[PDB]
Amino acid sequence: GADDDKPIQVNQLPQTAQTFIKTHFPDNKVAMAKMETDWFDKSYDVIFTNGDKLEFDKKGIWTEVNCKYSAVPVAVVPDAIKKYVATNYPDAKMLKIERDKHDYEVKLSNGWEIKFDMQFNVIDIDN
């Protein structure tokens, strides 16, 4: 829970999380990394020196890609979401995407926030 976090090195992240960083953020420098706990659920957080932040679940699968200082790399985003954003907000870039096992939440440069379920039905749209 609150304040139970521990600092970690990159080589202590699950393999999948290390590969994700090398694939999508190869030139970023890690500023800090930690492991968090919530009951028996572990999560990992990485912040780069430019301020961009990643969170991963216990298996190193991303739950947050917060690129508010740049943009979310397009290869990270599910096609259905890319397509929806491209049609409906053609000039916006994505600053942040988060997900759990039930939904995705997307935040765009133009202030719009969109929630999709796992089948990509738009649940809520807010500004």
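The numbering used is simple: start at 1 and walk along the sequence shown.
Among the modelled residues of the chain, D27 sits in the highest third by CA temperature factor in this PDB entry. When the CA B factors of the chain's modelled residues are split into thirds, the value for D117 lands in the lowest one. When all modelled residues of the chain are sorted by CA temperature factor, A86 is found within the highest third. Among all modelled residues in this chain, the alpha-carbon of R99 has a temperature factor (C-alpha) in the middle third. When the modelled residues of the chain are ordered by C-alpha B-factor, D41 sits in the highest third.
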